[PDB]
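Q: Sending over a structure as structure tokens; questions will come in a sec.
Every number here is computed from the coordinates shown, using simple stated rules; none is lab data. We place every Cβ from the backbone using ideal geometry, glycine too, and count neighbours over all the protein chains shown.
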Amino acid sequence: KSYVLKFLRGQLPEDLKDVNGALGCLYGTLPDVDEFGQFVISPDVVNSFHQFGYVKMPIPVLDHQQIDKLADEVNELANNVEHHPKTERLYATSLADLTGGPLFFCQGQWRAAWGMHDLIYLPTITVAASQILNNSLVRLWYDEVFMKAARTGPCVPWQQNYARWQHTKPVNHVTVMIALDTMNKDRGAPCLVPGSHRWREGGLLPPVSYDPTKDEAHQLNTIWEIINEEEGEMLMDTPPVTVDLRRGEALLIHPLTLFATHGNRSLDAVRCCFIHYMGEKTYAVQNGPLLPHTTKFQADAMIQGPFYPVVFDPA
Amino acid sequence: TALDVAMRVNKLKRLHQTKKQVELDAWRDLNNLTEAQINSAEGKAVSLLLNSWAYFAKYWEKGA
Amino acid sequence: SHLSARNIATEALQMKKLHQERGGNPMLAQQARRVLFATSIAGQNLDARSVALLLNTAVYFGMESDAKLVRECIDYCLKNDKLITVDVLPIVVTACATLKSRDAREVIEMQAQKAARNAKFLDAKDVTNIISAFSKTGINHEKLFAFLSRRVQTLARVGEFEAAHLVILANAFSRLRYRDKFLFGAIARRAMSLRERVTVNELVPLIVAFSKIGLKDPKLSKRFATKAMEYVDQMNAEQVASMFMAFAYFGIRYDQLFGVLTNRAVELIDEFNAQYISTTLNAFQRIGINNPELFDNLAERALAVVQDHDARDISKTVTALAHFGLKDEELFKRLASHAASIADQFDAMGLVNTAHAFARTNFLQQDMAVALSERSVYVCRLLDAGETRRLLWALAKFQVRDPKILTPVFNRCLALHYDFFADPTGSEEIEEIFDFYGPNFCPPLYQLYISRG
Amino acid sequence: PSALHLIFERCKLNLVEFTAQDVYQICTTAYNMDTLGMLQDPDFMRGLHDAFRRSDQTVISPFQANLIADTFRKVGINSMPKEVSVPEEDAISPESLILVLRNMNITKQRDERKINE
Amino acid sequence: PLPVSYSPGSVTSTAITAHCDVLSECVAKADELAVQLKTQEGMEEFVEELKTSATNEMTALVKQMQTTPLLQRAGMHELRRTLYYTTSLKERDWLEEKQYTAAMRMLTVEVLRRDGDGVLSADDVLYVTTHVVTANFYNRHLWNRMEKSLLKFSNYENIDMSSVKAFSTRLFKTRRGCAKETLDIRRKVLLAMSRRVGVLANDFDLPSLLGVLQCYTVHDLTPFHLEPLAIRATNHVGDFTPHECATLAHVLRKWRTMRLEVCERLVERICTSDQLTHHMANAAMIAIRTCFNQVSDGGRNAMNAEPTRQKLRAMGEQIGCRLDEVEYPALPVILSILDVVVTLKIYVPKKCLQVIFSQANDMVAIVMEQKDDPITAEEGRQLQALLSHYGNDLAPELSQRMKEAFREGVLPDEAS
């Protein structure tokens, strides 16, 4: 180990993936090995997720005195006057053109900012994700955020998560979504079909078409293009339902579920976060990096490395 | 609309400030509001209703 | 419990001091990070001292230019430059060294232009702290350093400084590349007139700095050599390695001192770690002196402590072993295997030097080959002409022939082709590269090679 | 109550058009009496804070703005009033510069450049 | 058949070259109209026409680069020329802010991409940084990477003779009002390529030496590697005008080169002027004083101290007898000249004293009579004392004038 100068002995590495653990920010630190058994989720929630393809948590997982700090980090990550430091360590951001737009997103941001690094290891969601994945180990894949603009905030059409995850051999994932602010059907709350995860025996629906200028209603009524008569009858049986979220509520989804999110009609912005987990027994498909500037794997190599740290391990 | 009922309740509250069973009056107006008025009301009316609501609730028999 | 911002500032300063110079407890660092992540200064109203201390301690613990506390402090230091007296100038100047934003640059320049106006009206403690803090950042204000140089020269004629002042002044002046002979002469004069009050723990760093500055003088160098003789039995491994490094920098073959230091160091082989081994071998390579018996012991000890090597240690040890001819098969296999896992930590110098030293030694592992070859694309923009040529020769001996790896290297070689083709030390080194690749690879580079020059 | 719930929800979701005088009035009535829960609903105060921050502050005296910041800071959310710019050519007078200095001194934020100007 | 994206920085081109030719013709015609000036309404319509043809051309160019991929296929020289014009058309304000910001964003994105590709040469970094910081456009990553890439001095040993002159002239003439946070970067540009100037020191033209020395001095930088240049100035001093010689005096003093013999040879050129100007007089006086401080009585050459001091006083008198011909811009100049005269014991003719004191009186009238704008109370103290030493007859009115001015307290203290 080389000699570190006297006034540099407390700093941190450029990429926060190296600190094998959670910083002492936000919540104190990880609980002891025995103290991990209080975050468990009631089985009824598990059956509800199995049936409807999504489920909400009974209690919020964050407090306002932490959500305000997270929103401060999110606002800082969007500066177009002084670009946020550690920008080059992100997977991809909408500000790569130095102009941005009415939508702001960043992926793999836990490698760039404090606090949000500590969010990954929050027990109250990691243990729930472990329970959803049949009581096994969990692994972070990549985290991203969304911030809509003011009353001209665009929407996101219907989508299936696995449509972006062809590189994974099995369908063994889960997604946790955090609402950083109060959300509503007039502000950008999500709407998802309560049975789209049990269609075509797990098949993947054809990709949807969209136009970058039409109104939100037209982008919402393009679902009929994909479905057939059989799926149409279930659509009549199971109409789409929108869920409203307050500050700090969490929603668990399934990778095969159709989902979309309305636009922004309020007077300001709105923020939300998406975290995607794996279980064990997960292998790549092709030879190459799953994400830009990540570790390369073999055609049938198990997925593991520094960029995909373990979070929670039962027993 | 909401501005007119807000002004009338404000006048009644002010006259109360300067009273027996009078609190029943200007309380029917608070029970008068429908949603469609609220979804288009300005903030001035809302602030007036909130102030009148608090001032009335200082002496209401039960509830708020 | 909750307390005013001034108490927080005081406890933060003590926490920084304990972490810096009394053992690196990780718990203290974590607790300080927790306390400082959730504290703001806007509501209260404090003088410049507490705000500057908060900014300094926060920056020390790894807070970049994005957090709330750093911005809150920086706006204040922007709007109240007159409240920044000579007392708080060095604290803020040190605090803004790592930050490289717009406001940090403007604050640093404000302090720099203020400093070279109160040059005549300083004293010992302020001069010392100011010059060290300015040395920390990397400023290039020549007039400011000249103004402080005259003040130190005058203040040295009345004999106030202690050993620590001399050490700090020598280190700070050396690190800034200020080759003023008279200043260091006065420093040496004040040092040699302090009898029995320069302990070895304060003597050695002064010699290190005087070697690092690079002024050409054999007289005071011989005085240094003779003065260091009496303490040869008193140092430990680190000071011995530092003395080797400093006297290698001096560049004068003081054979007597080298011999006695060798007989001292051979006793302290057990206490040597990887860092001292690398430092000693690098110093011996730089000076150009062969000492076999010591080399075998150092090589065996490094074999025993392979796991502890860093990127710098490998880049030094492998280069020294390649240069000196002493080869150990098992040690080199272990070093290559270890560097396979640490392939990401190499900087511009280390990757090229390790690859070239491995290539010339004919010890070509394949895991190390792929691990080091893949990394070349990331760093290729930073290298120089000769380093790129050496890396290309090492890659040609590595036999990779993969366009994904090779494409940026040739672009950079074309970028510095004037220096690339004007290096006599390696005129034969391009022959093997161009033999291995052939004309069918890079028509422009081949056309330039065939051309006269 | 029912309409009170709807008004609260409309305030929290941030669709109401609030001007600085309205937020000052609501802050006063919450500060002095707070018979109904205002300082005990964090989302309501968050929405009010956002409305205050986005709204133009140029239509209020410094003391009321200081009161707004003070009542915001009590519930646990930081808040600082926006700073003022020096008046332009025609708006210059002995009365406006004293206003600038007075606002500088009242809100406990000082600046040397504006003082020099 | 490996792909390579290198192109020379000084050859193939795209339509960006044609657009840049159009813009060059436009600015050349603007300077041609300026030449026609050196009527006004006659050229004004053509000036408006040139502005319109610049604005429409900029709009077409930015739309072309935005809509279709042309940046990635563009060569290096087109990028350099486009950056130059995007700045120069804004300093000579012709462009609207939004267009300029968008064009700068696009150019910086492409430059960062090229740096990632590594095809950037040593000369291109100098050109880009010198023509970016002067226009004062802040992009954090570009600035940080250019700062880091200027620390490898060995790469900058082969810069062309015209390139150093162009960069130095560009970085010099914009110094008077530079923003603070750009100063430091400036110095690095002047230090990464100093060694080439040091080795080229034998090829620069005569006024270019003075220009380079001034450009290095204004950035508070006096590196030792450039010391030979000043030496050359001491050898070829017989070609400069008295103004340039006076500037060279201060430059030499700032370079520690100022010795007795060089000033002794220097004073003659200042003497040869038909009419003196205050810069020359001040430079001569300060140089004479410093060289009087140069000679040492308590030293190893105590045999010729006074024979040298008498000579120095001799020239001092020879320049003092002609001091009545010069206008004095401000009181501090008068104070400096009088301080040198008094502390050096140089006789001056009474006519020059009369002119100096009359000018000082006329200048000091304004501040006192207008009750505000400045003169410090100390300055008035020394001026009154100087006249009292030299006599009241120099200005029998300024005596009571300064006395009354001090009585009213119209001159505040320096630390007030």
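Q: Simple spin-label model, 7 Å along Cα-to-Cβ: E:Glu32 to E:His389 in nm?
A: Distance between the two pseudo-spin positions: 6.4 nm.
Q: Say we join alpha carbon atoms closer than 10 Å with springs in a Gaussian network model of chain D; which of D:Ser93, D:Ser61, D:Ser79 then has the biggest fluctuation?
A: D:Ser93
Q: Only Cα pairs under 8 Å and at least 6 apart count here; give the relative contact order of segment C:301-453 as a rounded whole percent.
A: On the way: 122 pairs, mean separation 31.2, N = 153.
Contact order relative to length: 20 percent.
Q: Based on a Kirkwood Rh over C-alpha pairs, give the Stokes-Einstein translational diffusion coefficient of chain D at 4 °C and viscosity 1.567 mPa s in µm²/s.
A: Reported coefficient: 82 µm²/s.
Q: A follow-up question, please. Where does segment E:159-248 land on Rg(C-alpha)/(2.2 N^0.38 Å)? Please report the intermediate quantities before stating the final value.
A: Details: Rg = 13.1 Å, N = 90, 2.2 N^0.38 = 12.2 Å.
Against the compact-globule rule of thumb, the ratio is 1.08.
Q: When the convex hull of the C-alpha atoms of the protein assembly as shown is computed, what volume per residue in Å³ does it have? Mind showing how you got there, number by number?
A: Numbers: hull volume 363.3 nm³, N = 1365.
Cα convex hull per residue, to the nearest whole number: 266 Å³.
Q: Quick one: net charge of C:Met235's neighbours, Cβ under 12 Å, K/R +1, D/E -1? Walk me through the numbers on the way to the answer.
A: Details: positive: C:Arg264; negative: C:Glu230, C:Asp233, C:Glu238, C:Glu267, C:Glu271.
Within the 12 Å Cβ shell, the charges total -4.
Q: Tell me the volume per residue, in Å³, of the convex hull enclosing the alpha carbons of segment C:295-338.
A: 61
Q: Now for a separate question. Choose one answer from A:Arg164, A:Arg111, A:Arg246: the residue with the largest mean-square fluctuation in a GNM of chain A with alpha-carbon springs under 10 Å.
A: The residue with the greatest mean-square fluctuation here is A:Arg164.
Q: Give the Debye-formula value of log10 I(q)/I(0) at each listed q (0.18, 0.28, 0.30 Å⁻¹), with one equal scatterer per alpha carbon of segment A:254-314, two decimals each.
A: Reported log10 I(q)/I(0), two decimals: -0.85, -1.29, -1.35.
Q: Using a Debye calculation, one point per C-alpha and no hydration shell, please list log10 I(q)/I(0) for chain A at q = 0.07, 0.10, 0.12, 0.15 Å⁻¹ in order.
A: Taken in order of the listed q values, log10 I(q)/I(0) reads -0.29, -0.61, -0.89, -1.44.
Q: Relative contact order, percent, of chain D when contacts are C-alpha pairs under 8 Å separated by at least 6 residues?
A: Values: 73 pairs, mean separation 27.2, N = 117.
Here the relative contact order equals 23 percent.
Q: Here's something else I'd like to know. Roughly speaking, what is the centre-to-centre gap between segment C:296-314 and segment B:15-64 when only Cα atoms are used, to the nearest Å?
A: Answer, in whole Å: 82.
Q: Viscosity 0.692 mPa s, temperature 37 °C: what is the translational diffusion coefficient of segment C:327-453 from Stokes-Einstein with a Kirkwood Rh over Cα pairs, rounded to a whole number of µm²/s?
A: Values: Rh = 15.0 Å.
In µm²/s, the coefficient rounds to 219.
Q: Segment E:248-356: which trypsin sites (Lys or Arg not before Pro) are DSSP loop and have at most 13 other beta-carbon atoms within 10 angstrom?
A: Working: sites: E:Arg253, E:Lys254, E:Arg256, E:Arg259, E:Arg265, E:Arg269, E:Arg289, E:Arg300, E:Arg309, E:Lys311, E:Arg313, E:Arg322, E:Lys345, E:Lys350, E:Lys351; in loops: E:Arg256, E:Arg259, E:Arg300, E:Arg322, E:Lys345.
Those satisfying the criteria are E:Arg256, E:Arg259, E:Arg300, E:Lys345.
Q: When the Karplus curve 6.51 cos²θ - 1.76 cosθ + 1.60 is applied with θ = phi - 60°, which whole-Hz ³J(HN,Hα) does each residue of segment E:399-416 get, with x for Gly and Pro?
A: 4, 5, 5, 5, 4, 5, 4, 5, 4, 6, x, 7, 10, x, 5, 5, 9, 8
Q: What's the longest uninterrupted piece of chain A once you rule out the GluC sites (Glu not before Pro) that are loop residues per DSSP with at most 16 other Cβ within 10 Å? Let's see the in-between values first.
A: Values: sites that count: A:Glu14, A:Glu82, A:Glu280.
That gives A:83-279 as the longest site-free run.
Q: Another question about this same structure. Springs between alpha-carbon atoms under 10 Å, Gaussian network over chain A: tell me which of A:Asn161, A:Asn79, A:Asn184 tops the mean-square fluctuations.
A: Comparing A:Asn161, A:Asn79, A:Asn184 in a Gaussian network model of chain A, the most mobile one is A:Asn79.
Q: Right, next: Rounded to the nearest 500 deg cm²/dmol, what is the calculated helix-only ellipticity per residue at 222 nm for chain A, with -39500 (n - 2.57) per DSSP H run of length n ≥ 4?
A: Details: 6 runs with 51 residues, N = 315.
Mean residue ellipticity, 222 nm, calculated: -4500 deg cm²/dmol.
Q: Taking the mean number of other Cβ atoms within 10 Å as a proxy for protection, how do you rank C:288-295, A:51-58 from highest to lowest?
A: Details: C:288-295: 12.9, A:51-58: 17.4.
Packing proxy ranking, top to bottom: A:51-58, C:288-295.
Q: Could you state the number of Å between the C-alpha centres of segment D:1-61 and segment C:353-377?
A: 66
Q: Give or take rounding to whole Å, what are the principal axis extents of the alpha carbon atoms in segment C:1-100, in descending order?
A: Ordered largest first, segment C:1-100 gives principal extents of 38, 29, 25 Å.
Q: To the nearest µm²/s, what D does Stokes-Einstein give for chain C at 10 °C and 1.306 mPa s, using the Kirkwood radius over alpha carbon pairs as Rh? Show your work: numbers first, answer last.
A: Working: Rh = 25.7 Å.
In µm²/s, the coefficient is 62.
Q: What does the net charge come to around A:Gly24 if you take all other residues with beta carbon closer than 9 Å to its beta carbon, with K and R at +1 and D and E at -1? Each step should come with its number before you reach the end.
A: Details: positive: C:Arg33, C:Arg34; negative: A:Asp118.
Value of the local net charge: +1.
Q: Would you give the gap between the C-alpha center of segment C:383-453 and the C-alpha center of segment C:1-29, rounded to a whole Å?
A: Each part reduced to its Cα centre gives a spacing of 54 Å.
Q: Another question, if that's okay. What 222 nm value per residue comes from the helices of chain C, counting each DSSP H run with n ≥ 4 as -39,500 (n - 2.57) and dividing by all residues, nearest 500 deg cm²/dmol? Intermediate values should be presented prior to the final figure.
A: On the way: 25 runs with 310 residues, N = 453.
Estimated from H runs of four or more residues: -21500 deg cm²/dmol.
Q: Please pull out the direction-averaged projected area of chain B, using the convex hull of its alpha-carbon atoms, in nm² to one decimal place.
A: Working: hull surface 16.9 nm².
Projected area, direction-averaged: 4.2 nm².
Q: Could you check the spin-label model distance between C:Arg452 and D:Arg113? Points 7 Å from the Cα along Cα→Cβ, value in nm.
A: Placing both labels 7 Å beyond Cα along the Cβ direction yields 6.0 nm.
Q: Which value at 222 nm does chain E reach when only helices count, each DSSP H run of 4 or more adding -39,500 (n - 2.57), with the total divided by all residues and rounded to the nearest 500 deg cm²/dmol? Walk me through the numbers before you get to the answer.
A: On the way: 19 runs with 278 residues, N = 416.
After summing the helix terms and dividing by residue count, I get -22000 deg cm²/dmol.
Q: Could you please report the charge total around C:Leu268, scoring K, R as +1 and D, E as -1 over all other residues with beta-carbon less than 14 angstrom from its beta-carbon? Working shown, then result.
A: On the way: positive: C:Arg264, C:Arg301; negative: C:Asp233, C:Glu238, C:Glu267, C:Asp270, C:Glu271.
Taking every Cβ under 14 Å from that of C:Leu268, the sum is -3.
Q: Okay, moving on. Using bins 10 angstrom wide from zero, how does P(r) for segment E:58-113 break down, in % of all Cα pairs?
A: Percent of Cα pairs in each bin: 22, 62, 16.
Q: Is there a simple number for the mean count of other chain Cβ atoms within 10 Å of the Cβ of residues in C:8-21, and what is it? Don't jump to the answer; show the numbers that get you there.
A: Values: counts 0, 0, 0, 0, 0, 0, 0, 1, 3, 0, 0, 2, 5, 2.
Across C:8-21, the average partner-chain Cβ count within 10 Å equals 1.
Q: Right, another one. Taking N as the number of residues in segment A:27-120, what is its alpha-carbon radius of gyration divided by 2.2 N^0.38 Å? Mind showing how you got there, number by number?
A: Numbers: Rg = 17.6 Å, N = 94, 2.2 N^0.38 = 12.4 Å.
Rounded to two decimals, the normalised Rg is 1.42.
Q: Moving to a separate point now. Could you state the per residue volume, in Å³, of the convex hull enclosing the Cα atoms of segment A:111-161?
A: Numbers: hull volume 7.1 nm³, N = 51.
Dividing the Cα hull volume of segment A:111-161 by its residues yields 139 Å³.
Q: Let me check against my output: what whole-number percent is the relative contact order of chain A, with C-alpha pairs under 8 Å and at least 6 apart? Let's see the in-between values first.
A: Details: 568 pairs, mean separation 84.9, N = 315.
27 percent.
Q: Let me ask you something else. Please report the base-10 log of the normalised intensity I(q)/I(0) for segment E:280-341, using a Debye sum with one equal scatterer per alpha carbon and no solvent, at each q in 0.21 (1/Å).
A: Here the Debye-derived log intensity ratios amount to -0.84.
Q: Could you give the C-alpha radius of gyration of chain E expressed as a fraction of 2.2 N^0.38 Å, taking N as the number of residues it contains?
A: Values: Rg = 28.5 Å, N = 416, 2.2 N^0.38 = 21.8 Å.
Dividing the Cα Rg of chain E by 2.2 N^0.38 Å gives 1.31.
Q: Another question, if that's okay. Take every Cα-Cα pair in segment C:127-188 and report what % of them are more than 17 Å apart.
A: Values: 554 of 1891 pairs.
In whole percent, the share of Cα-Cα pairs in segment C:127-188 beyond 17 Å is 29.
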